[PDB]
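Have a look at the structure below before the remarks.
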Amino acid sequence: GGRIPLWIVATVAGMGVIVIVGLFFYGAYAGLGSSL
Amino acid sequence: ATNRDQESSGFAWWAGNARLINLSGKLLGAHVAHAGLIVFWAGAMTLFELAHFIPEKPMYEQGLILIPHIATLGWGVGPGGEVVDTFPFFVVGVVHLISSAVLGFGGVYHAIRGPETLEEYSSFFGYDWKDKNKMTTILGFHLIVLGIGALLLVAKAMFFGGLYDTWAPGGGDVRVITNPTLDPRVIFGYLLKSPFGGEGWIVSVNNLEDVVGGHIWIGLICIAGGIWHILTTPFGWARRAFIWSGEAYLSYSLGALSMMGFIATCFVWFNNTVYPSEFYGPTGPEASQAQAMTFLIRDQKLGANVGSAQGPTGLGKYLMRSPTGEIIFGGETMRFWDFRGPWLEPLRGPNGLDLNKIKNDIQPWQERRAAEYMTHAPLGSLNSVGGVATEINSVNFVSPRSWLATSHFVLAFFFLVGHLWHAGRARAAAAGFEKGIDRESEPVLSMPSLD
Amino acid sequence: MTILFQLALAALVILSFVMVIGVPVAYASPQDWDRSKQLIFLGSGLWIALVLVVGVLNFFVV
Amino acid sequence: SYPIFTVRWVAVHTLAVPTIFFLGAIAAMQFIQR
Amino acid sequence: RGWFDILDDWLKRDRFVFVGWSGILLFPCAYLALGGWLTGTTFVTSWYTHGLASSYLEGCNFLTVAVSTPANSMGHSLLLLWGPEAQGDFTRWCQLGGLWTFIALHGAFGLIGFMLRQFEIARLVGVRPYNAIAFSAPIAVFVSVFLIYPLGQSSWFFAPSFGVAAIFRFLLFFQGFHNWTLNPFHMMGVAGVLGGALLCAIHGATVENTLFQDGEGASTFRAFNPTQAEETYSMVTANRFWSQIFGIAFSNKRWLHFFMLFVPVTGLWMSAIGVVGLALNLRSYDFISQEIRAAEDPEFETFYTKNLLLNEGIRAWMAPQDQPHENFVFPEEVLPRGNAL
Amino acid sequence: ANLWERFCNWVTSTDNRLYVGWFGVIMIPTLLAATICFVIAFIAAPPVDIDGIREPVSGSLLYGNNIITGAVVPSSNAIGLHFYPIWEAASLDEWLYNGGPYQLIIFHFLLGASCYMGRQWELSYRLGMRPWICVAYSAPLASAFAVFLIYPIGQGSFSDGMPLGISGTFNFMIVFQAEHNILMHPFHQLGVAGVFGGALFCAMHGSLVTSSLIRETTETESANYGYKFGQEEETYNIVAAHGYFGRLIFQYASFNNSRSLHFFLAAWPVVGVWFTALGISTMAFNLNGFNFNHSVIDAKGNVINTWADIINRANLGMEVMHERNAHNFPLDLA
Amino acid sequence: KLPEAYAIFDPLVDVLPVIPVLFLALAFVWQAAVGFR
Amino acid sequence: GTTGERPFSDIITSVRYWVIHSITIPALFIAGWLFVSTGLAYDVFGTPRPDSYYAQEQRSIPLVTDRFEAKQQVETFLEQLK
Amino acid sequence: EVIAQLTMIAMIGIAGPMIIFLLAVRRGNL
Ligand code: CLA
Ligand code: CLA
Ligand code: CLA
Ligand SMILES: CC1=C(/C=C/C(C)=C/C=C/C(C)=C/C=C/C=C(C)/C=C/C=C(C)/C=C/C2=C(C)CCCC2(C)C)C(C)(C)CCC1
Ligand SMILES: CC1=C(/C=C/C(C)=C/C=C/C(C)=C/C=C/C=C(C)/C=C/C=C(C)/C=C/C2=C(C)CCCC2(C)C)C(C)(C)CCC1
Ligand SMILES: CC1=C(/C=C/C(C)=C/C=C/C(C)=C/C=C/C=C(C)/C=C/C=C(C)/C=C/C2=C(C)CCCC2(C)C)C(C)(C)CCC1
Ligand SMILES: CC1=C(/C=C/C(C)=C/C=C/C(C)=C/C=C/C=C(C)/C=C/C=C(C)/C=C/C2=C(C)CCCC2(C)C)C(C)(C)CCC1
Ligand code: OEY
Ligand SMILES: [Cl-]
Ligand SMILES: [Cl-]
Ligand SMILES: [Fe+2]
């Protein structure tokens, strides 16, 4: 219990949400719903 | 624990930069490194714009803010604002970006390795916030460096190639300025103009002669204040009027910056001289005037007599009088009759727009510009659909003028808030009650009741 | 020298990229103030040198 | 010495696992062309 | 110990998430309102009920997704999955709008469960239940807007759809058809919500800027012990400040915090009343005296007549697409329009 | 001492029933002028040609308005942003016709209110208080600057500033949505979270403190008499309110530091209203709400409408009717 | 476009302007490291 | 105090945690992906694909107009698409 | 192409967390 430093999981998790969110903003311009 | 934690420094992590108030060398690293990010951004962004630049498209159709600043200084551009050589942009971009690395190096050095405080290493670079002599001396050096920079602009305009001049004949051109304006009646007349419609304070400066001249004055003014403060110390009246603390000086500059950001916001919105519409797109007034012109032109070609056309309200459909009687475009654009631009001024007579010049002298280049500008009005949506809010998707456009004015309103506003925060706090901290009220001597408890 | 220009320019990037991670680790490790003084000083001149070299090459391919 | 399965445990999984599954669903949608 | 009492013990155990008896109503209904919203905004259309896309699947974004109301032809059907419309067919349920009633009705019972939860926890901990009382205001809003209003109208079609832009649509419908801004019951609700925000901000700022110095650090948050006996800020200096800034001030801490409950709770209640009125088209739409004058005097104009002209524009330009089941056909020439635009 | 010092000491006296202060020296005259003009114009002012088309709008009670329809009408579009003091008119009659009272009221009022904010700082200094109440007030003040100054600047006319009336406010909001799709702007959505959340947290804090009042009274007297002004001690049990609220949600979704809790109550509405004031201020420069009109289309290319398209049909109804005689050309560019 | 020489550097040039925001995020990774002391 | 359970800071720094959740999380994600990529979501929920909003030549909308005939109304519109 | 960009930002962005990582191992002076 506590073998992985909390700051590491945080950064990892964070970069993970940034990716998914970034992907959704990409989708606003590509394909369905891009007006194109 | 060299400061650096909430126990020794008294400031929590979320206000940890307040830990640097009395650590001049670490504070010097923070600033230099921060300057690094600024210069970095000027470099990285300009190259981004270059890689994305297509010289056939108007600059303002391509999301560009920095390249238009370079073009206005006379690099890379020719008549009509046509881009004729992109290499100067590349140079600005690379030189700032290289430079950021040395700022970068210098800031991270001073912030980590260097001496946390300077005042024991050299009595010249170290400082106490409360040394009124040392504080004015730093002010004076920086004053001189600003005066120099103002004069760099004069050098460019007069000795190193000139400036883009939207009012230059033949639709604009780069141009050397040889008769800067020095009459102080003009230069300082601008400062006494009302900021209200038709006057516009210093935002109304509409020729490069006034611009270059004002920068001569300001350069020489700063250099002279620099010397002043380097040699003097604050007088009795000024000592008693200000708070002398690092936070107080911070609040004073947040003040200044906020006021400047608001002025910037109106400059880019109304001024089409140092923000040429060739590069930035039309002003809001300009586009609105341009539409009236377009439909005057069209209807006149069909055979309409545009001077006698009574619109539905009883006011002229194309032409009416301003409240001081000038002939001006009709319809809603009646609010924008103060607009002045190179495409429109040739139709102007002494009493305003001139119907004979309207009937006879409109060239195709004016019909083109007016049509271009009306269809690049600075209206668009946050996701860059161009046009009014009811427009369908298709046009991917938001005016550089909207981007720059909105960003700097927001920035100027929050910087006034910062001013109030840090000025109030500085006052509180100088009097010793920023941390709260003393239960043992609560001031109100010693005051008579209001009733 | 269309290929000797990229050799220098990747040198800048690969070196920049090194010294970006390397200078701040160096600075805040207590161990080797002296095992690394030389290091950063050499990359430094190497970096500057490279900027110049890439700066003059440009003018034969730009 | 703690339990591992608890009411709390059930609470977080009733949310988290549909949430992840929905996120992959939505991810895939970004690549649908018309 | 009876089995009821053993079940009671376990349901009222001190755990990370208190359950309770009310939990048996709250957790299932809340989970399913939520889950049905997420499910429908992610995957379900509004094509057969509205002529609209409404899910991520179809390419909507978080602003334009909705679980949309059922078609007008369904009346006020409960739209039970096993009912006569969908006949147990889940896919057809979704297509006809079942998720809307599903969310609406589970949400209703979940709000019930939450309030009982507020009652249940207050009783066990031993405090007065003023929080539960406060929660009556959200409940009145929800019932009035989502249930009562459509029950007075022709069907569930005209209730709010569960989506960001769908609600914006509802705001503008209410302007163009009900002239809701003119309604004194909304006006009062506005006063209560903006007044509550005002109270929120001014009480927070007043406390934060009258603190006593109770530690020696610059971060003042660490100088407070929840078990201390003393007020952490000065009522006396707060009082003087506002007496001389604004003329009057609070002097009674209990009155001040009761006033904070009252103002917003009372505002939402008044808004609920007006929507009940609008369930019946009992609008405050017009001022008869202005209309008599205006009809007679073509030079009489006020902001009230200007606004009606806008209402008239909203109704005609938006109804054909907004109420597709009516097959409104408006030739260009009947559309009201000012000059040029 | 000498006369100027007696005066300075009076101005800054913490013993005046109402604090004057140096900011008060500007605030008092400017608010008085704004208030007297507004009250007289609201009752008696004759119709004002707001849009510059010789189509005067009656805003005052004596010319056929009631409390809800009446207004002080914005100055003429013919004026745009020109300064129109009384002395610039050829007669009061001309000044009333073109909407001069509006300029006078809002300039004196923005000045007065800007100084009201400074006054809040000033008194907190004389009292030994911390200084940032005035920061909280900057949110409402910023909002007033937006509808009365910034939006007219961007659009080029005070005729598009907010009218000083109940119905006039509605007019301004409907036209705004039409021209900027403010509902679809995140700064306005942040404003709604601000004020909704402020109302919520307002009811919560009040409910939660009221829930945990210490029995200090009988059933026949008001609970309020259990608190005495200036009492050393607290009259509610914050630990019990945490015990209730921590269980209502979970233990760490609840505040147990009175200072952290009150800072949160301050920051939530202030920040949100900062954003919605900045929203009006940036839509002033036509950076408008998200535009998703015809954003979904099918394999062939038919437009598949969304709720955003339905909003757009309402917006279009506002667009084509507003100021119905004021446009001669097809685009309404400001 | 950049000078064709620097074309291979186009996608790096694409990402560079976002770099100053990483600095703000790096400060939070740092305080997480030192546990917001 | 503590209501008894295992502190979160403790679980998510635990290795056993990430052993378990290095698998379950990505797996759930892929399950959702497949739900859309297989085209399954369309048929479960009755959501039109980009090619099934209209018949090739129609411009009117398959709006349901009857309360009890409604299931039949939708099914007959789905015939005319082919 | 876009992987060119994503490999650059991938590399640039992890550059930061790493400096923290190294200085932690080295019982550096964070
Ligand atoms: C960054 C620029 C800067 C800054 C921060 C300062 C800061 C300071 N100056 Mg220096 N100064 C500067 C530039 C600057 N100066 C330059 C360029 C010059 C040469 C022009 C001078 C010349 C100068 C002199 C001659 C003196 C100072 C003094 C001072 C101190 C008092 C300032 C004061 O009272 O403010 C202003 C505060 C006031 C209360 C003045 C009130 C007057 C009104 C309200 C302000 C507007 C006056 C302005 C001149 C006209 C307005 C134009 C309008 C149309 C917009 C302070 C340390 C004083 C000092 O102690 O010197 C040692 C002093 O006597 N400065
Ligand atoms: C412009 C942004 C900026 C800048 C320049 C600074 C700068 C500084 N901060 Mg502040 N800070 C900021 C944002 C910023 N901060 C924000 C947003 C927060 C909130 C999360 C804080 C919170 C904060 C706290 C809590 C504290 C500081 C402290 C400090 C100082 C000591 C740094 C230290 O000990 O780090 C040590 C850390 C390391 C050695 C880790 C590595 C850091 C290096 C610099 C990475 C550089 C990367 C870069 C790519 C290098 C390569 C380029 C090169 C080739 C040129 C320093 C002057 C400290 C202080 O006051 O000291 C007494 C302190 O205690 N700051
Ligand atoms: C605001 C800028 C600034 C200031 C005031 C200082 C001040 C100081 N630094 Mg730092 N430093 C800076 C920036 C700054 N530094 C930058 C950018 C770097 C990276 C290049 C460094 C790297 C650095 C190191 C590595 C060391 C110092 C040291 C010192 C101390 C002695 C330096 C000295 O006298 O040099 C002598 C000065 C000269 C020989 C005069 C020439 C200076 C330059 C070449 C003039 C050019 C000015 C230029 C035209 C201005 C325009 C800039 C831009 C707009 C283009 C002193 C406390 C030393 C220290 O603290 O002791 C341990 C030390 O070891 N500095
Ligand atoms: C202190 C500190 C901090 C901060 C930091 C900073 C702010 C820094 C800065 C930094 C910097 C400021 C740096 C810089 C860098 C730079 C670089 C590294 C550059 C390089 C360049 C190059 C290499 C180039 C190249 C090229 C060319 C030449 C051409 C085109 C292409 C290209 C672009 C590629 C933090 C907050 C984190 C934390 C605490 C402490
Ligand atoms: C460049 C140019 C130009 C020119 C410019 C100029 C020449 C400038 C000037 C400037 C100036 C010359 C400015 C001024 C400033 C001022 C100020 C801004 C002031 C302030 C003040 C204050 C801040 C005060 C306060 C106070 C008091 C009152 C009392 C006690 C306390 C105290 C101290 C706080 C022109 C336009 C032509 C053109 C374009 C370009
Ligand atoms: C120019 C150039 C260069 C340079 C670059 C640089 C200068 C870089 C930097 C970089 C950086 C500067 C980085 C940074 C990074 C960052 C990060 C990635 C962060 C993130 C974060 C996160 C994700 C967060 C999370 C969290 C925490 C930790 C705590 C609390 C919570 C939260 C969630 C907030 C090179 C060499 C390439 C060469 C070419 C050109
Ligand atoms: C309906 C129904 C049902 C149920 C269902 C359910 C129960 C569901 C669930 C569901 C769920 C439960 C889901 C969830 C999902 C979630 C999501 C979808 C999330 C996402 C999110 C996000 C995306 C966010 C992010 C972010 C942002 C955006 C910003 C800030 C930051 C953050 C990171 C937070 C049943 C069976 C009875 C059958 C019938 C019908
Ligand atoms: O929105 Mn429509 O746009 Ca701003 O101007 Mn052109 O019309 Mn008129 O005067 Mn008031 O209002
Ligand atoms: Cl109108
Ligand atoms: Cl017009
Ligand atoms: Fe309180």
Side-chain angles (χ1 to χ4, degrees), chain E residues 18 52-53 59-60 64 66 121 125 127-128 130-131 134 165-166 168-169 172 181 193 196-197 199-201 204-205 207-210 221 224 226 229 231-232 236 244 251-255 257-258 260-261 264-265 301-304 306-307 309-310 313-314 317-318 321-322 337-341, chain F residues 18-19 57-58 69 71 129-130 132-133 136 167-168 170-171 174 183 195 198-199 201-203 206-207 209-212 224 227 229-230 233-234 238-240 243-244 247 256-260 262-263 265-266 269-270 296 304-308 310-311 313-314 316-318 320-321 324 327-328:
Chain E
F18 178 90
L52 305 177
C60 296
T64 67
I121 291 169
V125 166
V127 310
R128 317 160 88 211
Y130 282 91
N131 186 242
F168 301 156
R169 170 264 172 193
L172 309 179
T181 45
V193 157
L199 286 176
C200 192
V207 162
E208 276 293 295
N209 285 282
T210 49
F221 297 100
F224 172 83
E231 50 169 26
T232 195
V236 176
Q244 306 171 275
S251 68
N252 190 295
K253 280 184 75 147
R254 299 184 168 192
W255 169 243
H257 292 81
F258 178 72
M260 279 180 61
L261 173 155
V265 162
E301 171 163 44
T302 70
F303 276 104
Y304 156 85
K306 283 164 69 60
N307 283 344
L309 287 167
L310 274 16
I314 288 157
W317 281 71
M318 110 179 271
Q321 309 72 9
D322 188 51
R337 310 175 83 159
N339 195 63
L341 307 191
Chain F
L18 262 21
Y19 180 73
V57 181
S58 179
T69 69
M129 287 166 54
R130 283 150 54 78
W132 304 306
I133 291 162
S167 288
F170 308 148
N171 181 275
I174 302 181
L183 290 180
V195 303
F201 304 129
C202 184
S207 90
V209 159
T210 298
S211 277
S212 56
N224 294 347
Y227 170 85
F229 176 65
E233 300 130 302
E234 271 276 22
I238 192 175
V239 155
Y244 169 81
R247 294 196 169 81
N256 59 294
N257 180 337
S258 193
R259 302 180 158 204
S260 300
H262 285 93
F263 169 72
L265 300 181
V270 167
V296 174
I304 295 307
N305 290 347
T306 73
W307 283 117
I310 300 302
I311 292 165
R313 298 293 299 175
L316 283 165
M318 297 167 224
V320 295
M321 287 301 305
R324 73 204 170 280
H327 315 89
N328 302 357

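FYI, side chains are in, hydrogens and waters are out, and symmetry mates aren't considered; it's all heavy atoms of this structure. Lettering of chains follows the sequences in order, A, B, ..., and the numbering in each one begins at 1.
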**Report entry** Engaged part of E/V207 at the chain F interface, taking heavy atoms whose separation is under 4.5 Å
**Finding:** side chain

Report task. Counting only heavy atoms closer than 4.5 Å, note whether E/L309 contacts chain F via side chain, backbone, both or neither. Result -> both

Report summary line: Here the gap from F/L316 atom CG to E/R337 atom CZ, rounded to the nearest 0.5 Å, amounts to 9.0 Å

Requested in this report: Measure across E/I121 and F/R247 and return the closest heavy-atom pair with its distance rounded to 0.1 Å.
Outcome: CD1-O, 3.6 Å

Query - Residue, of F/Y227, F/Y19, F/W132, that accumulates the most heavy atom pairs under 4.5 Å with chain E - result: F/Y227

Query raised in the report: F/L18 versus chain E, heavy atoms under 4.5 Å apart: side chain, backbone, both or neither?
Result: both

Report task. May I ask you to check whether E/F303 and F/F170 place their ring centres under 6.0 Å from each other? Result -> no

Query - Side-chain donor-acceptor contact under 3.5 Å, F/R259 with E/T232 - result: yes

Report task. Output, in order, the C-alpha distance, side-chain angles, deciding distance and verdict of side chain to side chain contact (heavy atoms under 4.5 Å, CB included) for E/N307 and F/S167. Result -> CA-CA 8 Å; E/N307 283 344; F/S167 288; 4.0 Å; yes

Query raised in the report: Is F/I133 close to E/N209 at the side-chain level, that is, under 4.5 Å between some pair of heavy atoms?
Result: yes

Query - side chain to side chain contact (heavy atoms under 4.5 Å, CB included) assessment of F/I310 paired with E/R169 - result: CA-CA 7 Å; F/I310 300 302; E/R169 170 264 172 193; 3.7 Å; yes

Query raised in the report: So which part of F/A240 gets closer than 4.5 Å to some heavy atom of chain E, the side chain, the backbone, both or neither?
Result: both

Report summary line: Value for CG (F/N224) from CG (E/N252), rounded to nearest 0.5 Å, stands at 4.5 Å

**Report entry** Among E/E208, E/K306, E/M318, residue most engaged with chain F (heavy-atom pairs, under 4.5 Å)
**Finding:** E/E208

Report task. Pick whichever of E/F258, E/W255, E/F168, E/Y304 has the most heavy-atom pairs under 4.5 Å with chain F. Result -> E/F168

Report task. Give, as side chain, backbone, both or neither, the part of E/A134 having an atom under 4.5 angstrom from any heavy atom of chain F. Result -> side chain

Requested in this report: Considering non-hydrogen atoms only, spot the tightest contact between E/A205 and F/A266 and give its length.
Outcome: N-CB, 3.6 Å

Report summary line: Between E/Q321 and F/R313 the two heavy atoms that sit nearest each other are NE2-NE, 3.1 Å

Query raised in the report: Under a 4.5 Å heavy-atom cut-off, does chain F meet the side chain of E/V127, its backbone, both or neither?
Result: both

Requested in this report: Apply the test side chain to side chain contact (heavy atoms under 4.5 Å, CB included) to residues E/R128 and F/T210: give CA-CA distance (whole Å), side-chain angles for both, the deciding distance (0.1 Å), then the verdict.
Outcome: CA-CA 8 Å; E/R128 317 160 88 211; F/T210 298; 3.9 Å; yes

Report summary line: Closest non-hydrogen contact found for E/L341 with F/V320 is O-CG1, 3.3 Å

Query raised in the report: If you count heavy-atom pairs under 4.5 Å with chain E, which of F/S212, F/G230, F/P269 comes out on top?
Result: F/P269

Query raised in the report: Tell me, do E/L52 and F/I304 make a side-chain contact under 4.5 Å, heavy atoms counted?
Result: no

Report task. Flag the pair E/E231 / F/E233 as yes when at least one side-chain heavy-atom distance between them is below 4.5 Å, and no otherwise. Result -> no

Report task. Report yes or no: does F/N257 contribute a side-chain atom to a donor-acceptor pair with the main-chain N or O of E/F224 at less than 3.5 Å? Result -> no

Query raised in the report: Where on F/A71 is there a heavy atom nearer than 4.5 Å to chain E: the side chain, the backbone, both, or neither?
Result: side chain

Report task. Could you tell me which portion of F/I174 (side chain, backbone, both or neither) has an atom closer than 4.5 angstrom to a non-hydrogen atom of chain E? Result -> side chain

**Report entry** Contact class of F/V296 relative to chain E, heavy atoms under 4.5 angstrom
**Finding:** side chain

Report summary line: Residue from E/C200, E/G313, E/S251 scoring the most non-hydrogen pairs under 4.5 Å with chain F is E/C200

Query raised in the report: Is the side chain of F/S211 donor-acceptor paired with the backbone N or O of E/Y130 at a distance under 3.5 Å, no angle test?
Result: yes

Query - Minimal non-hydrogen separation, E/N131 against F/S207, with atom names - result: ND2-OG, 2.8 Å

Report task. Might you confirm whether atom CZ of E/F221 has over 12 heavy atoms from other residues, nucleotides or ligands at distances under 6.0 Å? Result -> yes

Requested in this report: May I ask you to name which of F/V270, F/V239, F/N256 has the most heavy-atom pairs under 4.5 Å with chain E?
Outcome: F/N256

Query - NZ/NE/NH1/NH2 to OD/OE distance under 4.0 Å, F/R324 and E/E301 - result: yes

Report task. Mind running side chain to side chain contact (heavy atoms under 4.5 Å, CB included) on F/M318 and E/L172 for me, showing each step along the way? Result -> CA-CA 10 Å; F/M318 297 167 224; E/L172 309 179; 4.0 Å; yes

Requested in this report: Among the options F/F263, F/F201, F/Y244, pick out the one with the most heavy-atom pairs lying under 4.5 Å from chain E.
Outcome: F/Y244

Query raised in the report: Counting heavy-atom pairs under 4.5 Å to chain E, which of F/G198, F/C202, F/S260 comes out on top?
Result: F/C202

Query raised in the report: Where do F/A308 and E/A165 come nearest, in terms of heavy atoms and distance?
Result: N-CB, 4.5 Å

Query - Region of F/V209 that comes under 4.5 Å of a non-hydrogen atom in chain E - result: side chain

